[PDB]
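Below: one structure, written as structure tokens.
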Amino acid sequence: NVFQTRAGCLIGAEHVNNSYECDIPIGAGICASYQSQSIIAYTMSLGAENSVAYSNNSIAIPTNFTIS
Amino acid sequence: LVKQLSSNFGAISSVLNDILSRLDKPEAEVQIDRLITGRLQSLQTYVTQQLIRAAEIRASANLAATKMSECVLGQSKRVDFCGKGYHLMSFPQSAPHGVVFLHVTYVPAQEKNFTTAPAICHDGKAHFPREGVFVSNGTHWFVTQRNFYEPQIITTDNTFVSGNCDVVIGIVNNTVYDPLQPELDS
Amino acid sequence: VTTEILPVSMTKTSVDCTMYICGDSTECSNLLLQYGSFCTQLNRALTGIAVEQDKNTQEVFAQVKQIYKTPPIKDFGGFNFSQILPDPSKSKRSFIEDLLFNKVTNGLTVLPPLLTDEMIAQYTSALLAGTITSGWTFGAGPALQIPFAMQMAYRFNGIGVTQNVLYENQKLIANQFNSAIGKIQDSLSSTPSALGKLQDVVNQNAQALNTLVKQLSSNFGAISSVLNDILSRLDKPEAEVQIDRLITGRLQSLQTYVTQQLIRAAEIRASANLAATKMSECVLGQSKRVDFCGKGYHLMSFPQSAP
Amino acid sequence: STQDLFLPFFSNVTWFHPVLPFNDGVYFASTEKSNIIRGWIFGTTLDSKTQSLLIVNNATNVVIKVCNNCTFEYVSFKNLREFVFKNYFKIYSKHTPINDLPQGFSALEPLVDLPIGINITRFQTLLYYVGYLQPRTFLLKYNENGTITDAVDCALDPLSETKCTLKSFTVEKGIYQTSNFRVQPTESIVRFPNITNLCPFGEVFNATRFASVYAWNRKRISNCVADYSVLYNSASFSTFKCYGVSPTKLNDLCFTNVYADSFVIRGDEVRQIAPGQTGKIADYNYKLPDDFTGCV
Ligand SMILES: *[C@@H]1O[C@H](CO)[C@@H](O[C@@H]2O[C@H](CO)[C@@H](O)[C@H](O)[C@H]2NC(C)=O)[C@H](O)[C@H]1NC(C)=O
Ligand SMILES: *[C@@H]1O[C@H](CO)[C@@H](O[C@@H]2O[C@H](CO)[C@@H](O)[C@H](O)[C@H]2NC(C)=O)[C@H](O)[C@H]1NC(C)=O
Ligand SMILES: *[C@@H]1O[C@H](CO)[C@@H](O[C@@H]2O[C@H](CO)[C@@H](O)[C@H](O)[C@H]2NC(C)=O)[C@H](O)[C@H]1NC(C)=O
Ligand SMILES: *[C@@H]1O[C@H](CO)[C@@H](O)[C@H](O)[C@H]1NC(C)=O
Ligand SMILES: *[C@@H]1O[C@H](CO)[C@@H](O)[C@H](O)[C@H]1NC(C)=O
Ligand SMILES: *[C@@H]1O[C@H](CO)[C@@H](O)[C@H](O)[C@H]1NC(C)=O
Ligand SMILES: *[C@@H]1O[C@H](CO)[C@@H](O)[C@H](O)[C@H]1NC(C)=O
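Sequences listed follow chains V, E, A and L, in order.
Note that this note's numbering has the first sequence beginning at 628, numbered continuously upward.
Note that this note's numbering has the second sequence beginning at 9, numbered continuously upward.
Note that this note's numbering has the third sequence beginning at 2, numbered continuously upward.
Note that this note's numbering has the fourth sequence beginning at 2, numbered continuously upward.
If you want it as structure tokens, here you go:
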């Protein structure tokens with residue numbers, strides 16, 4: 628249970644292949660969090676991906692609103 | 009700062025009275041000088057940190073004053089200056105050592121795909137929307153405002169003419185209803 | 002198409018007060034214990050600086066909820082963003098981001114930034130794709146697509162020019178835009194001094210570190226700047242005095258370094274707040290503030306990452 | 002936060018139901034009901050020819066001795082009795098009723114301070130658990146009444162170092178830089194060039210004609226690396242002395258000029274070869290400066 632990251636040696640944290648919003652920042656892209664439960668180290672996720680359906684004659688117009 | 013009063017800085021004792029009660033003048037002067045050097049340096053470090061921190065706080069206070077002016081006393085166009093969304097208004101709430109703004113913003117919510125065109129051919133004329141966009145539900149064309157789907161029918165009041173059909177890229181075709189023709193006919 | 006360079010973050014540094022002062026020596030360390038908590042608050046100050054740097058970058062770039070991506074078909078009404086869009090082949094950086102990244106060149110440790118350059122590039126790609134495909138709507142709510150020519154017609158209305166003026170001059174405007182982007186490439190490629198604003202930052206930190214290390218080579222009045230030699234030549238009653246002089250000098254060198262770093266980090270934070278504001282009001286929307294977003298009536302802005 | 006001799010948390014306390022070293026301080030607990038545990042001997046040999054502290058808690062009175070030749074004499078399993086013995090001599094104690102070793106926490110208010118300064122390396126009990134103390138930094142939580150209700154052993158594990166760094170007993174979520182790792186040097190290296198260019202004592206000591214005492218010969222030795230092992234390490238010489246140096250320190254220091262005079266003398270008058278020496282060999286032939294630096 629030893630993981631060599633670009634920031635140094637991480638001992639006692641479980642490497643994971645998922646990616647989440649950064650909980651505890653470790654550095655060089657790596658975060659760690661408490662999630663039976665243990666401490667996991669993962670490359671952070673910049674956000675849920677998205678792709679606007681762009682095309683040269685398509686427009687999206689809101690039909691409702693929310694006051695926030 | 010307070011803890012730095014317990015450090016010898018090299019003297020025989022951090023307590024000044026002990027040095028005074030245990031030594032004559034010519035030597036107590038040496039020890040007390042060591043203490044004075046240390047404690048003076050501790051004050052200077054404290055004061056420097058405070059100066060820098062106060063500068064940061066007044067930057068924050070100038071920002072808060074700007075938000076109060078442009079954001080509470082008015083309606084801001086500056087994007088994300090006054091919350092995420094199209095700013096509507098703001099309300100200031102006092103908090104210990106600071107302020108809390110409640111930014112009321114408008115967030116467009118439920119959206120649809122439409123087919124759109126930049127202009128409209130009517131009689132070899134190009135019509136552009138005064139304010140709004142041309143949208144097509146699939147079969148017919150309307151003009152709507154841009155931030156809330158509210159289709160009106162396309163008339164010579166929603167649009168203005170400019171040029172002709174042969175220059176714009178993507179122009180399409182419809183009637184452009186003229187409200188006054190029925191009145192001239194009726 | 003004008004260019005505006007803004008520093009955002011410094012190098013995160015940390016100094017092990019005791020190695021710097023008393024490097025690998027116990028007599029010195031026990032003499033240093035007498036000075037109280039100077040070392041711990043030096044470390045506290047530097048740590049505050051480093052955390053701040055990460056926050057600066059987070060505020061400038063992480064202003065986008067999702068990661069939008071440009072469609073494979075690039076029919077943007079005639080405009081050609083290929084030189085600012087990411088390069089799939091290459092670190093997925095754009096062409097101009099590559100020019101920029103090329104044109105910038107004891108107890109001390111350097112910490113790595115929390116956001117790697119790859120993630121910064123993904124952020125700016127996301128902002129760019131969102132701007133191109135959705136306009137300013139993606140910064141106010143959900144990204145709503147709109148044909149690029151029509152978005153630009155909106156922006157022309159924004160500066161007060163009727164929108165028939167774009168549709169009737171679309172090819173001419175697209176050509177001028179493409180030409181202007183090419184000139185940006187050339188202006189950066191040719192002269193280096195353009196990036197001085199960023200380069201200077203690096204230089205400053207480097208200088209401030211060299212000086213720090215060089216201060217290890219001063220007596221400050223002792224018989225030698227070599228702690229071991231003072232130790233090995235003199236008897237502890239006198240070695241203690243000489244070492245005291247050394248400790249005072251080196252400790253003051255650290256305090257000077259840390260104060261300079263704090264002031265400089267205040268400068269950088271001011272600049273990073275400016276950059277965040279420009280991102281929000283200038284990339285995510287269209288600005289009416291005069292000369293906030295370049296000389297002229299502002300239409301749109303394109304964010305490019307740089308060291 | 003205090004740096005003192007304490008009992009590292011969770012350490013393996015030896016259990017007995019012999020003589021034990023004292024290495025640097027001794028915790029001593031005993032779960033007792035029948036009070037076989039009376040007293041203590043401490044010392045280095047506990048046999049005579051040295052001073053060995055004795056303590057007896059006998060049924061009304063606390064005899065305490067440093068014996069004859071006595072230098073001092075003081076006088077005064079539900080029973081969990083705890084004691085701490087450190088070195089002058091200090092004993093702390095405590096006594097709780099409990100119902101093996103109990104989970105919980107209690108401080109040990111001191112009892113006695115024997116200003117004796119004995120040399121102790123071993124000890125035995127006079128008819129229980131034996132722990133040893135280490136130089137540890139603790140973080141003690143003095144309550145409102147001024148009692149110690151919790152402690153933190155700042156080298157037990159990373160969490161304890163964290164808490165000690167913050168000077169707190171509760172840690173908010175985050176990353177904290179608590180210490181500095183250093184790879185220690187595993188060994189030492191001493192390197193210098195080859196050891197050639199020795200001062201030629203082969204001309205002074207390996208000669209063939211020892212000149213007159215009155216006309217004694219004086220040759221120079223300098224600009225070399227003078228071996229100092231051979232002269233003082235050979236047992237051939239019937240006399241090797243020096244008057245200004247440690248003759249077992251010559252293989253370190255360095256000198257500007259070395260002079261070597263040789264002479265033949267009577268064995269008896271040999272003593273006259275010294276700084277501050279009197280006699281014909283000492284005055285009329287060869288006088289050594291009263292502060293002469295060198296060797297004979
Ligand atoms: C597309 O637009 C046409 C406008 O002509 C819509 O047709 C009208 O629909 C309403 C309700 O469906 C009827 O009451 C009208 O009589 C229709 N008018 C005509 C001329 O057809 C049509 O509904 C729109 N499409 C959608 C999906 O709403
Ligand atoms: C939109 O409407 C115009 C009507 O003016 C159409 O233009 C005519 O198109 C036909 C065939 O393309 C030509 O023979 C006529 O000479 C055109 N007249 C004019 C005035 O342009 C145009 O084709 C329509 N658009 C589409 C896509 O059908
Ligand atoms: C967008 O601009 C780029 C300029 O870099 C064009 O790329 C050049 O295209 C020509 C012909 O397609 C090639 O001969 C060059 O080698 C290309 N250079 C590079 C650097 O790619 C690109 O073609 C333009 N897009 C369009 C649609 O014309
Ligand atoms: C808009 O959303 C609200 C809920 O937020 C809903 O009650 C209302 O019916 C919606 N309007 C339309 C036209 O769907
Ligand atoms: C518009 O269409 C695209 C694909 O045709 C789809 O991904 C998108 O969700 C649609 N928009 C809405 C609001 O449903
Ligand atoms: C829009 O793109 C489609 C691709 O299917 C193309 O056929 C059409 O001609 C384009 N319209 C314009 C105005 O370029
Ligand atoms: C201190 O001891 C008294 C008993 O005399 C008790 O009333 C009080 O609660 C104690 N204080 C604390 C903080 O436990």
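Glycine residues also receive a C-beta, built at the ideal position from the N, C-alpha and C atoms.
Output, in chain order, the set of chain V residues within a Cβ distance shorter than 7 angstroms of residue i.
i                 : result
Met20 of chain A  : The premise fails here: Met20 of chain A is roughly 17 angstroms from chain V at the closest Cβ pair, so nothing lies under 7 angstroms.
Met120 of chain A : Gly656, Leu673
Which chain E residues sit within Cβ distance under 9 angstroms of residue i?
i                 : result
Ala687 of chain V : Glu119, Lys120, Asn121, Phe122
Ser695 of chain V : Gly91, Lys92, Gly93, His111, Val112, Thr113, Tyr114, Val115
Quick check on the DSSP output: the beta strand (DSSP E) that includes residue i runs from which residue to which?
i                 : result
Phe142 of chain E : 141–144
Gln4 of chain L   : 3–7
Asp114 of chain L : 111–115
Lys142 of chain L : 135–143
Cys255 of chain L : Where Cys255 of chain L is concerned, there is no enclosing beta strand (DSSP E), given that its DSSP letter is neither H nor E.
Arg221 of chain L : 218–222
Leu81 of chain L  : 80–87
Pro689 of chain V : 685–689
Of all the options the options, which has the alpha carbon lying nearest to the alpha carbon of residue i?
i                    : options                                : result
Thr138 of chain L    : L:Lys164, L:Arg221, L:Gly44, L:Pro98   : L:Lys164
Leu145 of chain A    : V:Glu648, V:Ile666, V:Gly654, V:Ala680 : V:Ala680
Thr166 of chain L    : A:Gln42, A:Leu33, A:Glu60, A:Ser15     : A:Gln42
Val629 of chain V    : V:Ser646, V:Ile667, V:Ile651, V:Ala655 : V:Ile667
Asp131 of chain E    : E:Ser15, E:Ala63, E:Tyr185             : E:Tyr185
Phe77 of chain A     : A:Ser92, A:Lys172, A:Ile97, A:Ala141   : A:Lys172
residue 1 of chain L : L:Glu83, L:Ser169, L:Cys296            : Since the first residue of chain L shown is 2 and the last is 297, residue 1 of chain L is not available in this structure.
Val2 of chain A      : A:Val214, A:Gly183, A:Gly142           : A:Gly183
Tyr244 of chain L    : L:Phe10, L:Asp291, L:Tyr133            : L:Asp291
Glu676 of chain V    : A:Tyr155, A:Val284, A:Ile68, A:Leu47   : A:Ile68
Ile56 of chain L     : L:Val265, L:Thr45, L:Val76             : L:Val76
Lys91 of chain L     : L:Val27, L:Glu145, L:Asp262            : L:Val27
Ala655 of chain V    : V:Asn645, V:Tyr669, V:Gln664, V:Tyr647 : V:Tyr669
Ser237 of chain L    : L:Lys288, L:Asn207, L:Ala152           : L:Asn207
For residue i, return the contacting residues in chain E, with the cut-off set at a CB-CB distance below 7 angstroms.
i                 : result
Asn677 of chain V : Result: empty, since nearest Cβ-Cβ is about 14 angstroms, beyond 7 angstroms.
If the cut is a Cβ gap below 8 angstroms, which residues of chain V does residue i touch?
i                 : result
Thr152 of chain E : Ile688
Identify the continuous alpha helix (DSSP H) that holds residue i and give its terminal residues.
i                 : result
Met153 of chain A : 149–159
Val115 of chain E : No alpha helix (DSSP H) contains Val115 of chain E, which is instead part of the beta strand (DSSP E) from 106–116.
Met20 of chain A  : 18–23
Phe96 of chain A  : 96–103
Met120 of chain A : 118–135
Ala277 of chain A : 237–279
Whose Cβ in chain A lies nearer than 8 angstroms to the Cβ of residue i?
i                 : result
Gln178 of chain L : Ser15, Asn44, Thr48
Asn684 of chain V : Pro148
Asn181 of chain L : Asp17, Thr19, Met20
Could you tell me which chain L residues have their CB closer than 9 angstroms to the CB of residue i, listed as they occur along the chain?
i                 : result
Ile653 of chain V : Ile176
Which residues of chain A have a Cβ atom closer than 9 angstroms to the Cβ of residue i, listed in chain order?
i                : result
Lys11 of chain E : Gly37, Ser38
Starting from the beta carbon of residue i, find every residue of chain V whose beta carbon is closer than 9 angstroms, and list them in chain order.
i                 : result
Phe156 of chain E : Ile688, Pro689, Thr690, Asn691, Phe692
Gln164 of chain A : The premise fails here: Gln164 of chain A is roughly 15 angstroms from chain V at the closest Cβ pair, so nothing lies under 9 angstroms.
Please list the partners that residue i has in chain A, where partner means a Cβ-to-Cβ separation under 7 angstroms.
i                 : result
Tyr681 of chain V : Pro72, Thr134, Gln146
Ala634 of chain V : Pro113
Would you say residue i lies against chain B (beta-carbon separation less than 7 angstroms)?
i                : result
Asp88 of chain E : No chain B is present in this structure, whose protein chains are V, E, A and L.
Check each residue's C-beta against every heavy atom of ligand 1 and list, in chain order, those closer than 7 angstroms. E:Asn145, E:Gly146, E:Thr147, E:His148
Name, going along the chain, the residues of the segment 34–51 of chain A whose beta-carbon falls closer than 8 angstroms to a beta-carbon of chain L. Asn44, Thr48
Residue list, Cβ distance to ligand 3 heavy atoms smaller than 5 angstroms: A:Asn81, A:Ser83
Mind listing, in chain order, the residues whose beta carbon lies closer than 6 angstroms to a non-hydrogen atom of ligand 7? L:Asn144, L:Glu145, L:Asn146
Any heavy atom of ligand 6 within less than 7 angstroms of residue CB: hits in chain order: V:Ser682, V:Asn683, V:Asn684, E:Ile177, E:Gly178, A:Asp76
So which residues put a beta carbon under 5 angstroms from any heavy atom of ligand 2, going in chain order? E:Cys129, E:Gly132, E:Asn181
Would you list the residues whose beta-carbon is nearer than 5 angstroms to any heavy atom of ligand 5, in the order they occur in the chain? V:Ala680, E:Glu119, E:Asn121
Members of the segment 124–145 of chain E near chain V, C-beta cut-off 7 angstroms: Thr124, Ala125, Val141, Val143
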